[PDB]
Structure formats: structure tokens, C-alpha cells
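Engineer: Here is my input; please provide its structure:
(6 chains)
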Amino acid sequence: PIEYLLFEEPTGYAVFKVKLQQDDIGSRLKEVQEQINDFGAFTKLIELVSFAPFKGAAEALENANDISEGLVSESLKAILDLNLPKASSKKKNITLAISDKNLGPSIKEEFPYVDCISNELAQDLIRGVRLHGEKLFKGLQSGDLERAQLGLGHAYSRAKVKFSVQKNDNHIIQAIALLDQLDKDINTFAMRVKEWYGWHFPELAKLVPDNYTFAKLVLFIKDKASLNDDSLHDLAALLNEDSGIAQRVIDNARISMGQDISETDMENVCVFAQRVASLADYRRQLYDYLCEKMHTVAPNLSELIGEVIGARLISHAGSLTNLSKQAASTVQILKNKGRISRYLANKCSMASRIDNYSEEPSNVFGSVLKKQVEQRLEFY
Amino acid sequence: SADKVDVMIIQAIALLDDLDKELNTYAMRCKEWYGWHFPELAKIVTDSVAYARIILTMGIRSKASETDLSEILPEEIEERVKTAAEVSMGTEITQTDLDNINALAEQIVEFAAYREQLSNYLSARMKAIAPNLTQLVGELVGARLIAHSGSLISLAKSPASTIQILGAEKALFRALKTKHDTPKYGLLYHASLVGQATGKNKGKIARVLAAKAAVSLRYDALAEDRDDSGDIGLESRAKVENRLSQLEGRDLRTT
Amino acid sequence: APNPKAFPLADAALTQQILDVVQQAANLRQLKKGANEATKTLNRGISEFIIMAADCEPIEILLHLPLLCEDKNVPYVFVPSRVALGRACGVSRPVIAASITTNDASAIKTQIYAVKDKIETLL
Amino acid sequence: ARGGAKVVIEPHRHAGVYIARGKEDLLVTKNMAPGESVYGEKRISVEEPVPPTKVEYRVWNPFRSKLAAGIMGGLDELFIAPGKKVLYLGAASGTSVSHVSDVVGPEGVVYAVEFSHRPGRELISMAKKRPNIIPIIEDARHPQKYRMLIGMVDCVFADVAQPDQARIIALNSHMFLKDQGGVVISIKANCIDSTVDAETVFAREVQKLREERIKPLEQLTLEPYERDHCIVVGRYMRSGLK
Amino acid sequence: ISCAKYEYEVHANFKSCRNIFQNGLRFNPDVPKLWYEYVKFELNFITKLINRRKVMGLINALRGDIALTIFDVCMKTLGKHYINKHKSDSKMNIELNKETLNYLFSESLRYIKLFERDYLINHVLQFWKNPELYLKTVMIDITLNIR
RNA sequence: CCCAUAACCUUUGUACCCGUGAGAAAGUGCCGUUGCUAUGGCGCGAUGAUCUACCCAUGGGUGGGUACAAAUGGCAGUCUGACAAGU
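Structural biologist: Residues are numbered from 1 along each chain as shown, chains lettered A, B, ... in the order given. Please see the structure below:
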């Protein structure tokens, strides 16, 4: 006598009402197990009654967590109070199939008059419901159970392990790869700025040391035909009239016999140089961001060597974890130079281990290893 | 008129290629850097620029669920991304990480805008340098022709067959040397007319197009007093068009 | 409140048993002694079982070894005292983790297997 | 056996497993998250015919997987196909759950189950790289505490070393395994019982399957790769074992 | 609400419509529409009660606190549940704090629009003391004090 | 399109080079605190001791191996040539 059953789902609770029991003594035979599987007989057995869907991902997480330990959440109490009829606590309780013997006494202590059954026959029915899924629901299951299943599994497991940023290092890896690409494109696009500006004007493209400030100079100085002493002092407000480059290349522009190029071409040189300027600035910003994220993630390593070098290692060895797993000699950083390097290798492997497995790690041990290798270098 | 230098054109084509490569790799990095908060967004909206603008608009999945996004999406795609926003398997992210992802996404938008600017520049510039050939074959393929063969003048002096086979030299010299049937489209294959034909008519239209392009080029690189109206391009285009209608009218199979 | 990460240690009885067998292995060259020597052996795959001190300053620099041990089903036990492990291994200095390696030309095979069971029940 | 030497891919008898012929033959499976190898195995790249894209395959090490040992020894029918769901008990890490997700492919799933926490954490990061591996970090003795997260999986692969490995597989396959669904068991006899003969351990464990209503089809000892293991391939029958 | 409507305005069973309402709130403890409607019904009922009192008189601060206790628990539930919506650093924590405050002021200003009357609004502002919004609050305060 | 929008190869520019697991050194020994004795601390190591081509008496000039850049340096030579379609 199994009057109702309670199926908890990735979304919401459902309470089914049984109509025919299956037999009890002959519960094992081939005929009766094949009727668990085949849907004509199962729909003779179970008729859906009620279904309260969960309210959000946060409650579905919380309620799965409560089922996992054993107590009864308020939504489960709500639906049970809606569906069960009020019978005597001594004579003829209302039965209920559940699939968790430990979930028994929590239900029983709330409602005194509900006797929870989980025998072979109840387990049988619950298996049947889980197999026949969503056909039984007459369409009510709003929401895609498959995607709910994925999300709920991930959220519950992530919360059991307390997954977070300070141990997350994939940010360090991606920042490294993107920094290398930025510097590659920056020097390439510097080459092309310098070539267009040189093709009308070779000598600043030979005589400016820094390509970034050259890009500022292209953004300010339009061409060799736009020249004045206020621009001289604006370069002085920029890098150096101390060198006298501004005056000298006024002379060079007065002697520069390159093509006086068209205005539209000058505007596109302008745009491309400005774009390079924005990119290089962005690179510097990301570099500082990388330093800060490292001081969160693996402070001891960073203080032991240097932030960007710790980044190099983490990207090589693949992640912080694999850096920890790595044998302390085969870690490679970049005669007696070889010996100090190998000693430092041992040290930085150990410091990486302490960063990996701690929580909010030990800049004091960053300092300890720092002074130790400093003494060895002092010997060297 | 100093606005005629094939040198700036040919290096412009090279830089256009570089732009395409770098833009794709940066959006790859952004899509998976962010998907580490919102995973299935990439697969649902595969476009780089649309992705970057989504990252500018929203920053948190539920923030997107509240916010309009439909400026840059069709609404069914909007519904998918809103629901997957409601339940991703993804995490939440801290503010500094959203900050630098955000700055990356706007930098992606800026390369897209820069490329469009460069192509508009190039189209106007080709209209200035070789407006007949531009008016015939389309200015992208015209610029690629000039880029490959180098000087506009040397391209003028090539015959018409070699303008047909200006792109496919590897397959050409392999076929010639090993006694095999030489390739037949070449670099013109991306013109709109040969992208308009069907089969053997693609091969035939590439002959007619290469010949009329040689006329157009020679009128452009040598006629010192050019009126810049591209009329030889327009005339010969009308000729090639009419050819295409005749070929595609003909029906190979019985009535 | 939950289990600390040094779990499992050993009782005094298991402690003296293990220190006994690790001494006799060090006599007969079945013992790879020290942190990264234990690590290299757990990468090669040729190690019976792992003995890790829990006294070490800090705990963490050897705490990396339970990952590989549980990756390869090779059992590990914390002994309490690192100078007791130096005691048993018979080298002059505190050894934070030693590892008893596999072999068959071994006068101490079945003694090792007995203690390996005792560990794997303790887990 | 070098960083440049080419090989000729070919497909196996199984579904979703490939062989890389060459001077020496590799058992390989197609990657899902490309570029990034997980446990250092040498992945093999190919080019395939939109302008083309490089696609990439991964070598499967038998000495570090107790499943590719079974394959590379010979199995009549393995129950993992490229469309299915594999419940995976005892998933210590990527070392094999990655490859099972490669041969399950994007349509199916693999529900990796593990109890401890540090391998759990590593499993979570990898699972974020791979969309199929739903990580469950619960004890496997009690399936009832995650009966909401899993539905009706189509094979159960089992890698525990517990001495009650029979009862744990029986619980999980009653709860979840679809009827007539494959069950792949990696017995390690020294762990399951350390005193008796390894054969005796196999007879007892196979027997317990049979009165747990898993008809065992097939049994292999996987000898040159490991000593004393045996994978038993069986079928959950549930309606008349005979 | 449809069920409540049919049992109250057709058959007049205060027990029945009451029980409908407390049950439905146990099922949905985070919908302002339902909270609104329950406060509404209690007002309608007590207005019928008070008119029954004056018509008995013609032929021959407790209820407001009922409504406002409903308001109090309504605010508690709404705050808690819209915290659980969006559920981890200090800046976004404070950001959800102000956003949730914004949400609850929106619906409580709605409650004002629902709205003896000045006594009720007094209890509302008591609830409030228990920046721009501070200004908007106090300009409403002087406006209602005039009113 | 298997990519002449490329690869090779030479040539120029820019870089580097030949696991092991237990040994290492041969009242002061040191510095300083104390007046006419108390001494402050230091005096190795599994939390890693010892091992991984040419000339001019720690120089430069040789020599090849690996990686980044360029080139109007190469491989490397630009298809056919009068008929076709309708009735």
C-alpha cells in the first residue's frame, strides 16, 4: 500500500499517486520487471498529481544540498502539506514511497502521520519514474531538464569543494599569452607606421628611438610641411629638445625630399599610428593587472623571483597544479651559474608548492627563501 | 596627381591581411577568457564583434537577463542567450577581471572599426588609381591583382591569358611540367561575375573577364590623360554581362 | 573543525612498526629517501609506499605528495615526527618523506606487505 | 616516436577509437579541447577538408589507463560508443576520464564520480575545459545523496579499489543503470583481498555480480600492462538472468 | 487570486479566502504581486467591517498593524529572496545591497500608492527609520504631513 | 585555395652550446659584549652534499648546432588561339 510517492528532480518536486500496486510476492519475475520497463503498463501504474517547480538556481542548489545531507527544506514541507490527507498517527498512516531511508525520519518528524516506505517495490517505482522521465509529466516540466542537470551538478560540486579565484590561475595563463601577442603586433605595427612616415620622411623613422613616442610624434607632427617653434616646444613638453631632435629634424624636414604625400594618406597614417598608441597603452595596463592578479594567486613564487617570471613558469608548466606536481629538479628557470640556477630551481619549486596548497599564503616564506638564496649568491 | 601610388596600395593589401589574422586570434582569446564565466555564449553567438559588444553591454548573466541586448541580436538568439544566461554552468567573476576583459572587448570593437575604415579608404583609393578596372572586377580583387604582380605597369603589360592565371601559379607549373590539364580560374575566381556563373560557364566567363580586364588595365595604366569616369570599365562590363546572359540562357538539356 | 589535511597520521604502534621496516629497507637499498626522490619515484611508478612526516615546517612543501599517491593508488602515511624519520632512515638529518620502492630480491618483502595492508585499512 | 614523424590514422573495430599505424602503432582517440594536452601524452595533429582546420587526436597510454589496457589486449564488445552516457565510478582524474569523454563525444556525457577533494578540484578545472564531464564529488558508497543529479546512464565503468566493490556497483547500477546496460569492472585483486589467490578473488567478485543480477559476459586479465587486474565486462539484466 | 476572488466576492467566506492567501504565500514568498493583493484584501475586508460598524450605529490602530505586519514580513522576504537572486567581493556585495534597497523602495512607494491613512503612512516611515532616496523620503514626509 | 596571401633552401641581421642522490672542509675558532671574570652569536648538507670542438699566457680571434628578422638571393619557367550558338 504505497499510496503516494515523492520524486525530487533537478527542477522541483513532484508527488505522484499510485493507482494499482504491482504484486508483492511475485516481485522478481521476468514479466513484472519488463513491466517496469515498458510504458503501457507503467502508465497504468502511476498518475501524476502535483508538481512545484523550483524558484531559481540558488534555491535548486540549496535544496539539492539539503536532500544530500538529509533534512527537509521548506519547499518540500510546503508541497507535502498541500498534497497529503490528514490521517491518524496510530491507525492507518498515509504511506509515501521515498528513495532515501535517511530521508525518512525528517519527514516523519515533521508530519507524524506519514509512513515512509522504501522497500524493493518502492525502489522499483522510483526507478520507473526516473526512466520515463518527462513523458509522465504531461508536459508541465517547464525548463530544459538536461541543462538543469548540468548546471546543478556543477554548482553542487563546486560548492562542496569551495572553488575560487585565489587558486584559479587560468587568468594568469591567458594574460601571458595575450601579452606576448600584444608585443608582437605592437612591434609589427610600429614597423608599418615607421615605414609610411619614412616613405614621406625617412629620417624620424631612422632617428627616433622609441616607437611608442614615435607614434605620439606622428599623431602630433602631421607632416614635414607642418613645422613651427610651438611644435618645437611641444616636443620639449614631450620627450627631449635636450637632444635637440626637434630642431634637428626641423632642419631635416626642410631638407627632406621625400614625397609630400596626400592628405587622405596622411590621415590614414594618423589613424594607424593612433591605433598603435592605444594598443601599447593597453598592454601596459594589462601588465600591471597581471602583477596584481599574481600577488593574489601565487604571492610566494612572485616574491621569490619576480611576478612576470612566475607567470612564465606557470604558463610553461601548464598550470599552478602541474607546477607543483613537477619534480623539483626538472623545473627549469631562465658553471657556477648553473649551480646557483639549480639551487634556485629547488627553492622555487618548493615555494610554488606552498603557494599552491595554502589559502592566503606566506609572504614571510617568500622572504625566507629569498634571503636563503641571497646568502648562497653572497657565497658565489 | 600625387594620389596615384601603387606602392601604398600594395602594402595596404598586405596590412589588410595582417589585420584579419590578428583580429581573429584576439577574439578567440576573449571568447574563451570570458566563457570561463559564461560558457555557451560563444557557441550560440559565434561572431567576434557581436561577442565583444555583448561583453560591453552586460557583464553578468542576470544583468543581461534584465538588460536589453536586442540592438545587435535577432530575438530568438536573444531568447537563447537570455535563458542560458539564466542557467549557465559558469561562475561569477571579480571586478578587476571583468575590468580587463571589458577593456579587451572594446579593443576588439576597435579593430573591427579600423578594418572597415581601411577598406573604405582602399576602395576610394582604387577608384582614384584604376577606376576602369575597379568598375569592372571589383576593387578588392583589383587590388589583389596589383598586389601580386607588383607594379600597375607590369600588370598592364601582361597579356590577357596570364591575367586569367595570375593567382594559381603552383597548380599551373605543376600541370605544365607533368603534362596535365592546366588550371583555369586563378585569382579572378572571387570576382562577382565568376561567382555568378555555374560550372563550365565559370571557366568561360573567366576568359571573357580576363580579356576585358586587360583592355581596362591598359587603358588605365597608359592613357596619360584619363577622365577618371571609368567609362571603359562600364562599357566592357556591359559586354561581359551580356555574355553571361547568353551563356546562362543556353540550355544543355532537351526541351 | 573538519579533518585537517595531515590526515592520516598513525598511532604509536603503527609508528614504531613503520619506522622499523623503513630502517631495515634502508639497510637493504629499498629506500629512496627525501622529498623529490619520493617524487621522482612516484613518477617512475616503482615505489611501494610513502612515509611523510607531519612535523615539517611548513606542512605544505611535502603536502603535494598525496595528490600523486591518490592518483596512482599508492598508499601514504604521515608519521608524527620528522626527526624520528631521520632516526629510522639512518642518514644524519631530518627526512620529511621517504618512499619504500618495489623489489623482489628482498629479505623484507612480506614484512613490507604486512605494513602496506595496515596502512590501507587505516585509510 | 618523435616530434615530426608522420603516421596513418585508421579506425578500430570499436566505435570512436582509432589506431595510428606507423613504425610503431599507437592507440589514439580524437581530442575535444584541442591544443592543450592534459597529462603530457603526445597528441597527433591532422589536417582535414570553409577553409580547412587542423584537428587533433590524443595518444592513449595503456600503462596509465586500466581501460586502454583492456582495449589493447582485446575485448569482444566494449560498451562505450560515441553517443552514450557513461557513469564513471572512481574517477581520480583526467588520466582516464578525459579519454572516456573523447570516445563518448559531444552528444553523450560522462558523470565522473569521486570522493576526495584534491583530485576533485583538478577534475573541476578540467571539466570546465571539457563540456561533457559532469563532476560529482560525493562518496560513491551512498548514491542516494546525489540521486537528483543523474538520470539513467547507459554504461557504468568502475575503477574503485574498495573491498566492497561489488556492493557499491550493485547500488549504483540498480539506481541508475538502464536495463540491459553494460557494466565494466576493473578488479584489482590485491586490493580487494590481500591474502587469497588472485584467481580466488576473481571468482568471488564475478559471483557477487551474478547474484546482483549482472550477467557477466567476458573476462580479461590484461597481463603485460599490469599485474593482477581483470576487467570484467557484464550486462545488467534485471529481468531473468538466465 | 482567482480562487480567493470567487470565495470572497461571491460567497463571503473570510476563513476560506484567508486560508487561500496564507497558503499561496507559503508557496510564493517572493512575489510582490501576491503581497500587494493580500494587503489589498485585508483592507477591503476591514473597510467592509468598519462600514458594518457604522451601519449598525446608523440603524441603532490594530487592523492597520495587521496590514503593516504583513508589510514587515513582506519586506523581510523580499529582501532575502532578492539577495538570493544574484547571490563575491565587497564592491558588488554593496552593489546588490543598494540594488535590493532600490527594489524595495520601488515596491513600497507602490504600497504608498495603494494607500487612518496618514497613521498607516506614519507606520511606514517609522519602518523606514528603523541619500537621494533619503531626500525623496523626507519630501514625501513633509508633503504627507501637509496632507 | 593541398594555401606563390605559401613552403623550402642559401645569404645577411640577431641568440646559444656540448639527469645524479651523499658527501663537502682541512680556556678562540671567530667577531664583539665585561670591569679588574661573565662571554652574545656564528662555526655545512635529503627543507639536497658531488658529477652532465681551433689557436695566441681567466682575453679575443675559430668552428659548427637552435631560435627571431630581411632580401629585385635562389627553386622559378607565367595556359590554349577560330570558331561557337540558333532556325
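
Engineer: ranges for the helices of chain C?
Structural biologist: Along chain C, counting by DSSP state H, helices occupy C:12-28, C:35-44, C:60-63, C:65-72, C:82-89, C:109-122.

Engineer: Residue B:23 reaches residue B:116, doesn't it?
Structural biologist: No - using CB atoms under 8 Å as the test, residue B:23 is too far from residue B:116 to be in contact (11.4 Å). Where C-beta positions appear, they are placed from N, C-alpha and C, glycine not excepted.

Engineer: Of these two, which one has the most company?
Structural biologist: Between residue B:23 and residue B:116, counted using other CB atoms under 10 Å in any protein chain shown, residue B:23 has the larger neighbour count: 18 against 10.

Engineer: So that one versus chain A, what's the distance?
Structural biologist: 10 Å (CB to the nearest CB, to the nearest Å).

Engineer: what helix or strand is that residue on?
Structural biologist: helix B:6-35 (DSSP states H and E).

Engineer: what's the closest non-adjacent residue to the most centrally placed residue in chain C?
Structural biologist: What sits nearest the mean C-alpha location of chain C, by CA atoms, centre = their mean, is residue C:51, with 1.3 Å. Nearest residue to residue C:51, sequence neighbours excluded (CB to CB, 6 or more residues apart in numbering or on different chains): residue C:98, at 5.2 Å.

Engineer: Quick check: beta-bridge partners of the one you found?
Structural biologist: residue C:33, residue C:51 (DSSP bridges).

Engineer: Contacts only, for it.
Structural biologist: Neighbour list for residue C:98: C:22, C:31, C:32, C:33, C:34, C:37, C:38, C:50, C:51, C:85, C:89 [criterion: CB atoms under 8 Å, 6 or more residues apart in numbering or on different chains].

Engineer: right, and residue C:93 touches residue C:86 too?
Structural biologist: Yes - the pair formed by residue C:93 and residue C:86 meets the contact definition of CB under 8 Å, at 5.8 Å.

Engineer: more crowded one of those two?
Structural biologist: residue C:86 (18 against 10).

Engineer: can you list the residues of chain D near RNA strand F?
Structural biologist: D:49, D:51, D:52 (CB under 7 Å from any atom of the strand).

Engineer: Just say helix, strand or coil for the second one.
Structural biologist: Secondary structure state of residue D:51, per DSSP: H, G, I helix; E, B strand; the rest coil, is coil.

Engineer: That one - how many residues pack around it?
Structural biologist: With other CB under 10 Å as criterion, residue D:51 counts 4.

Engineer: try residue A:38
Structural biologist: 10.

Engineer: same thing with residue C:27?
Structural biologist: 12.

Engineer: what sits against it?
Structural biologist: Residue C:27 neighbours (CB under 8 Å, 6+ apart): residue C:90.

Engineer: same question, residue E:26
Structural biologist: A:78, A:81.

Engineer: Just to be sure, it is in a helix?
Structural biologist: Yes - membership of residue E:26 in a helix is supported by three-state DSSP.

Engineer: Distance of it relative to chain D?
Structural biologist: For residue E:26 relative to chain D (CB to the nearest CB), the value is 23 Å.

Engineer: before we move on, back to that, let's have the contacts of residue C:98 in CSV, adding distance to residue E:3.
Structural biologist: Below are the contacts of residue C:98 laid out as CSV (distance: CB to CB, whole Å):
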residue, distance to residue E:3
C:22, 76
C:31, 79
C:32, 77
C:33, 78
C:34, 76
C:37, 76
C:38, 71
C:50, 68
C:51, 71
C:85, 74
C:89, 79
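
Engineer: May I have the secondary structure class of the nearest residue to residue B:31 once chain neighbours are set aside?
Structural biologist: Excluding the flanking residues, the one nearest residue B:31 by CB to CB, 6+ apart is residue B:42, at 4.4 Å. Following three-state DSSP, residue B:42 is assigned to helix.

Engineer: Number of residues surrounding residue B:42?
Structural biologist: 17.

Engineer: what's the distance between it and chain D?
Structural biologist: 11 Å.

Engineer: Repeat that for residue B:231.
Structural biologist: Distance from residue B:231 to chain D, by CB to the nearest CB: 37 Å.

Engineer: quick one: that residue from residue D:53, how far?
Structural biologist: Residue B:231 is 45 Å from residue D:53, where distance means CB to CB, to the nearest Å.

Engineer: When those two are compared, which one has more neighbours?
Structural biologist: residue B:231 (13 against 10).

Engineer: For that one, which residues are in contact?
Structural biologist: residue B:132 are the contacts of residue B:231 under CB under 8 Å, 6+ apart.

Engineer: returning to that earlier point: which one, of the helices of chain C, ends up nearest to RNA strand F?
Structural biologist: helix C:35-44 (3.2 Å; CB to the nearest atom of the strand).

Engineer: for that closest one, packing partners?
Structural biologist: strand C:31-33, strand C:47-53, helix C:65-72, strand C:97-101 (3 or more CB pairs under 8 Å, 6 or more residues apart in numbering or on different chains; DSSP states H and E).

Engineer: one step back: please give me every residue in contact with the residue nearest to the centre of chain C.
Structural biologist: Residue C:51 sits next to C:18, C:22, C:76, C:77, C:79, C:85, C:97, C:98, C:99, C:100 when contact means CB under 8 Å, 6+ apart.

Engineer: Save the residues you listed as a markdown table, and put in distance to residue A:224 too.
Structural biologist: Converted to a markdown table, the contacts of residue C:51 look like this (distance: CB to CB, whole Å):
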| residue | distance to residue A:224 |
| --- | --- |
| C:18 | 84 |
| C:22 | 82 |
| C:76 | 74 |
| C:77 | 79 |
| C:79 | 80 |
| C:85 | 78 |
| C:97 | 71 |
| C:98 | 76 |
| C:99 | 74 |
| C:100 | 80 |
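
Engineer: Among those residues, which one sits closest to residue A:348?
Structural biologist: For the contacts of residue C:51, the residue nearest residue A:348 by CB to CB is residue C:97; the value is 19.1 Å.

Engineer: how many neighbours does residue 4 have?
Structural biologist: You didn't say which chain, so I picked chain A. Neighbour number of residue A:4 under other CB under 10 Å is 21.

Engineer: let's do chain D instead
Structural biologist: 4.

Engineer: Show the backbone phi and psi for it.
Structural biologist: phi -140, psi -10 (degrees, to the nearest 10).

Engineer: Now do it against residue D:44, distance only.
Structural biologist: 11 Å.

Engineer: what do you get for residue A:367?
Structural biologist: With CB to CB as the criterion, residue A:367 and residue D:44 are 46 Å apart.

Engineer: In terms of neighbours, single out the busier of these two.
Structural biologist: It is residue D:44, of residue A:367 and residue D:44, that has more neighbours when counted by other CB under 10 Å, with 19 against 13.

Engineer: chain center to the host helix or strand of that one, what's the gap?
Structural biologist: Per DSSP H and E: residue D:44 is located in strand D:43-48. Distance of strand D:43-48 from its chain centroid, counting by CA atoms, centre = their mean, to the nearest Å, is 24 Å.

Engineer: follow-up on the earlier one: which of the helices of chain C sits most buried?
Structural biologist: Neighbour counts (mean count of other CB atoms under 10 Å in any protein chain shown) averaged over each of the helices of chain C peak at helix C:60-63, with a mean of 22.

Engineer: Most proximal residue of chain C with respect to RNA strand F?
Structural biologist: residue C:34 (2.8 Å).

Engineer: burial of that residue, as a residue count?
Structural biologist: Neighbours of residue C:34 (other CB under 10 Å): 18.

Engineer: Now do the contacts for it.
Structural biologist: Contacts of residue C:34 by CB under 8 Å, 6+ apart are C:95, C:96, C:97, C:98.
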